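The structure under discussion appears below in the form of structure tokens.
Chains as they are written, first to last, in the entry's author numbering: chain A, 7 to 93; chain X, 7 to 93.
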């Protein structure tokens, strides 16, 4: 993945076409409450790695946080531009 | 801002030139413990907005979470590639 926007396109595609094999689809189907839960937990994990783990370890956790953030966006029907206009 | 990548370049520029007027610069200087705390707190505010606020308010909180995520990246010396390669 080369951009934040490439990831979003890919996740949106999963949301649309609903591949049976997709953990993304399951997560969307699990609903917003569970998505917020996951996002928060991952924030904690990012903090843990920020203080105690290697760059590689932190990059991994940050990548997961970004993932859940975009899944959350999709579940509430937010576009990239909806967020991008606020940055 | 036309990207996550635009913002990251902007924040890197602030880290490089250290403009006196920037709250970003103060955040960088305070170190990683305060940054993780801010990130976790924002993750909470994202969850609050996901369950109980309008798309516009949610987009706002998400913009802030992404800001704090990038500031953390810059603090620890992670590149976009470092994160994206794990996506």
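Here a beta-carbon is modelled for each residue, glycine too, at the ideal position from N, C-alpha and C.
Cα-Cα separation, residue 24 of chain A to residue 80 of chain A: The straight-line gap separating the alpha-carbon atoms of residue 24 of chain A and residue 80 of chain A is approximately 13 Å.
9 Å Cβ cutoff, residue 80 of chain X in contact with chain A: Residue 80 of chain X has a beta carbon lying at 9 Å or more from every beta carbon in chain A.
Spatial neighbours of residue 9 of chain A in its chain, beta-carbon cut-off 7 Å, leaving aside the 5 residues before and after: Taking C-beta separations shorter than 7 Å and ignoring five residues to either side along the sequence, residue 9 of chain A has no partners in its chain.
Exposure of residue 60 of chain X, with buried meaning 16 or more beta-carbon neighbours within 10 Å: The residue in question, residue 60 of chain X, is exposed, as its Cβ has fewer than 16 Cβ neighbours within 10 Å.
Where the segment 13-42 of chain A meets chain X: residues whose CB sits under 8 Å from a CB there: Under the 8 Å Cβ criterion, the segment 13-42 of chain A contributes 13, 38, 39, 41, 42.
Closest by C-alpha distance to residue 67 of chain X, when choosing among X:27, X:52, X:16, X:29: With respect to the C-alpha of residue 67 of chain X, the residue from X:27, X:52, X:16, X:29 having the closest C-alpha is X:52.
Short-range partners of chain A found in the segment 44-56 of chain X, where Cβ spacing is below 7 Å: Of all residues in the segment 44-56 of chain X, 45, 46, 49, 50, 52, 53, 56 have a Cβ within less than 7 Å of some Cβ in chain A.
Cutoff 9 Å: residue 89 of chain X Cβ touching any chain A Cβ: The beta-carbon of residue 89 of chain X is placed less than 9 Å from the nearest beta-carbon of chain A.
Proximity test, Cβ basis, 9 Å: residue 7 of chain X and chain A: It does; some Cβ of chain A falls within 9 Å.
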